[PDB]
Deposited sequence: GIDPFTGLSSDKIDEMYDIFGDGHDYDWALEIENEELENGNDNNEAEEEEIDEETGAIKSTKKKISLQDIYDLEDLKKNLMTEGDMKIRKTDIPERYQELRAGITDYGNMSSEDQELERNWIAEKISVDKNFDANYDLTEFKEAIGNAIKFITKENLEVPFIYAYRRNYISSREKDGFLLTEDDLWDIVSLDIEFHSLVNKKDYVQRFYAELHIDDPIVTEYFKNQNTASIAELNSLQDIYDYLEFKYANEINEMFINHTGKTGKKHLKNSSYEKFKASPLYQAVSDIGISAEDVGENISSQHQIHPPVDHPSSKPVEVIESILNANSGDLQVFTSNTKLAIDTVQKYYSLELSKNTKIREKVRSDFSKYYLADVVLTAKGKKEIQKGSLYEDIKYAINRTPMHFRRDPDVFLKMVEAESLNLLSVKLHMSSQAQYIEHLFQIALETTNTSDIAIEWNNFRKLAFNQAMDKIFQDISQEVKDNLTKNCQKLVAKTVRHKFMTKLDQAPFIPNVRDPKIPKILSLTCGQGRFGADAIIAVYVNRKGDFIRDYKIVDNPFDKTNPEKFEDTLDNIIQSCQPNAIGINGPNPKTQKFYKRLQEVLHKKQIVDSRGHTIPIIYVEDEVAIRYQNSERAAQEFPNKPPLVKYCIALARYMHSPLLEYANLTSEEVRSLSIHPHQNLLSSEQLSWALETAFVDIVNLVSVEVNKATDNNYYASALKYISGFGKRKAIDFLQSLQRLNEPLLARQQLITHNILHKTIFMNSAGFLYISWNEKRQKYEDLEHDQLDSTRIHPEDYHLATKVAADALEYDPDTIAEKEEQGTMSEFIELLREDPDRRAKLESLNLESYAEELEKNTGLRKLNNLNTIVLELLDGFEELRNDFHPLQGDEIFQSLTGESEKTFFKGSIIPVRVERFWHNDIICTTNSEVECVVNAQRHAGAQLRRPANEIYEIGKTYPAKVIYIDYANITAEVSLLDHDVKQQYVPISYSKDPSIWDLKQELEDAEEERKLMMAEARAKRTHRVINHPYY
């Protein structure tokens, strides 16, 4: 039994996983919404607030002129939210096939980038979580039925939420416990709290009002101590000495610290005008030394929300170092003692001059400070937590862009004028003990297949017989005829190897048809290093040595950087040196930065269905296709394998009951079928044109060729519009006629007659009809001189107002004195 559910978990066949496989919503969306009760049942007012709240957040980084009218921008934000939340479409799809519904009608107004679209997904979830918490609290109070003026005012006017809940928890503890302070409140001693002359609530409204609308009422005949003693004497039985006074003052403090109006005031000021200081421990005092990367924050003081908006990494440094108990990041307000005194003046302070008024003002003043100490301690932690998260988000963005630049590398092409995926000969000289360490070379063909490897034993720099190596290389290059050569290695001997290889190429005149020496490039080997020592490489090539697995990986990286990253395991991909700060992210944030980047580029590049069904390397991209995740990618390949025949058209995904409406809409344009029974093959299945735009596509072809409306209406009635694609395909004048459609006018007329906004759609329709699935990644990046160096080598503010010079000096003097003491110890 227990072993049955292990194999289910392994195969992704648990009940929970079967629901995910079956449900017609993108897998990632199902994962994201898993913790959200009633995801689809938000009120109208809430949906409205979510659009404005989100719209504002994205608006930030756009830097829109103060004059700028934000109305069309907010409508784009609304549209994206419709697509994500109501139509369950993913970012790649929205960006590919709805760009004009998230862009400004007017040229270069605004565009919601893919970055924006991912933020909107994340913020959407997060807004639904709030609404969840808000509905939980508001349903918890409406359930109580009690009519507390504070909370009723609250849900009308509206971390305030947590405070409201706590105020109900504190005040009505007994009344809800059906559905310590509470028992003191029943005690006779609580009379003394009444005698203080102003309720916690009144203080709260004083502070909210900014003036003392509720003046305290001093006890007429008695001081605090007397009132207490009168209450003790009149209750010999129950109560059993200044401790009593302390208690009254403690529980009154407590009532003050639970007031939402007081906590709200402090929260807003503290969160706007905080400063961060570093407080060291001995461990941090000696460890930095000037060598660690903290030479500009070892005595960091008075850091502002602006300082951390600009350099958000800085704080995370602080939080990790504190989790190392090397230091502790302290947040505080500019003039905290004075900020509190001021609030006391406005809220509690009396100018009555009698002894009785004096002792009561002192008593209230103490209770108020005790309460403000608690509030500040809480708010200090909230602002810290939210600053951490806020900085983790800024870093997540850059980690995602860095990883995307790695992924956004087109297959290396040796001759840009005649783009052809090259036959590859990749080499490594390993340790580089020339004449002792064999040189390893591998030959991988255009389709990505490994053909064979070589083991050159001729010493490249043989003094007596140099020509031996030259000739062997010539032989290999005549047998394989590569179009490009890729290399890399552990040390600078790899460089000498490269220089040499250039000489041998020119001497033997190994060239292109164009007479240019075949290009040699250094190849990023961060994947190759992890592959050569992997179970899957040992499994894929059971009886080859490390450096052969390493060279196969070099070639494969040249062919598709994307597929190389996409074929690492979670463990292997997370261990890459992607960004120096990536370890400051939570595993969940890191996973999201990587996954969104995968999804962006995997859908840009697409996946040929047939080639994935029976090739696991290539099928590794499937899980990142719009609509798919890890469970749907499997279920889908299994559906295809059961089919025992190749897929002939996109539409078969639905006729065969492989995909339903939604996952089909999400994915169909990113899943293609290569073009070259007869009536069963659609040519548009080899383009980035989506099935829903097929009718538009054939119309573009018909107009390109200048066909009559009688002829078009005729085919339109017949149901043979598809015939126009072949007609454009036969026609030899097709490129010039396509290129001559004025696409702006065409989108104008189209919208005018149908209301559809399809300009961007029409653009990639004409480009895809010219040449299906042209390559759209940015260029392959051969390692440049600097990176070569680092690869083979390993080598790569003290202003008194923001820097604690005094502490630095005193710590330096105590350290020196420390060294003197350590010396003496002999």
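Student: Hey, which stretches of the deposited sequence didn't make it into the model?
Tutor: Comparing the full sequence with the modelled residues, the uncovered ranges come out as 1-68, 227-234, 256-271, 333-337, 774-779, 900-989, 1020-1030.
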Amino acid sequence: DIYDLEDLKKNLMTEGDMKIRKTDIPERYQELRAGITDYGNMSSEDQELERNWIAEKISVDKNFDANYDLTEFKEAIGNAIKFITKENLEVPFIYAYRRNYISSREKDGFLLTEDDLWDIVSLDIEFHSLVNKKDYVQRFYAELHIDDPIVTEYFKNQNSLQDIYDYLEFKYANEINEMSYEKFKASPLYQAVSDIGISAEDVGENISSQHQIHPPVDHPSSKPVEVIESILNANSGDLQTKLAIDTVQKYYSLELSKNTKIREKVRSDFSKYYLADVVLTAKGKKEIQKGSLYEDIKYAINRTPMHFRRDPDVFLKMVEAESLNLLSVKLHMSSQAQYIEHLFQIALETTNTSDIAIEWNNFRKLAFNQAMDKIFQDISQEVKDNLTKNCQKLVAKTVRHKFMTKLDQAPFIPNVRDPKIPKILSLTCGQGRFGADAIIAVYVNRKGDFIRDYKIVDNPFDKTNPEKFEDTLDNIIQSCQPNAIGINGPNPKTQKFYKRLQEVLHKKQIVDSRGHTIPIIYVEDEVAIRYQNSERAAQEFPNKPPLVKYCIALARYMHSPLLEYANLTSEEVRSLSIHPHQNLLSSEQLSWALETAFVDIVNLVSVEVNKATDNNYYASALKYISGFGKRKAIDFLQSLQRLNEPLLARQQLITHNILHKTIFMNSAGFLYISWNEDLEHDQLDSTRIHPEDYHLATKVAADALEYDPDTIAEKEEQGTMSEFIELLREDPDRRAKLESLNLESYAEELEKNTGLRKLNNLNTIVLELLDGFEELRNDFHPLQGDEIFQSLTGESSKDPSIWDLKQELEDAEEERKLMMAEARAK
From here on, numbers count along this sequence of modelled residues.
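Student: Out of 528-536 and 440-448, which stretch has the higher average CA B-factor listed in the record?
Tutor: 528-536 has the higher mean C-alpha B-factor.
Student: Tell me which of 101-109 and 114-122 has the higher mean C-alpha B-factor in the deposited entry.
Tutor: Averaging CA B-factors over each stretch, the winner is 101-109.
Student: Have a look at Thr388, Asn157, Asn567, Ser745 and flag the one whose Cα has the highest B-factor in the entry.
Tutor: In the PDB entry, the greatest C-alpha B-factor among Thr388, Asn157, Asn567, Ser745 is found at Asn157.
Student: Of the choices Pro546, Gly629, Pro732, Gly204, which one's C-alpha carries the largest B-factor in the record?
Tutor: So the option with the highest C-alpha B-factor is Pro732.
Student: By the record's CA B-factor, is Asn79 among the lowest, middle or highest third of residues in the chain?
Tutor: Lowest third of the chain for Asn79's C-alpha B-factor.
Student: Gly772: which third of its chain by C-alpha temperature factor?
Tutor: Its C-alpha B-factor belongs to the lowest third of this chain's values.
Student: For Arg688, does the deposited CA B-factor place it in the lowest, middle or highest third of the chain?
Tutor: Lowest third.
Student: Divide the modelled residues of the chain into thirds by Cα B-factor and specify which third, lowest, middle or highest, holds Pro709.
Tutor: Highest third of the chain for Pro709's C-alpha B-factor.
Student: For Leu32, return the chain-relative third of its C-alpha B-factor as stated in the PDB record: lowest, middle or highest.
Tutor: Lowest third, going by the recorded CA B-factors of the chain.
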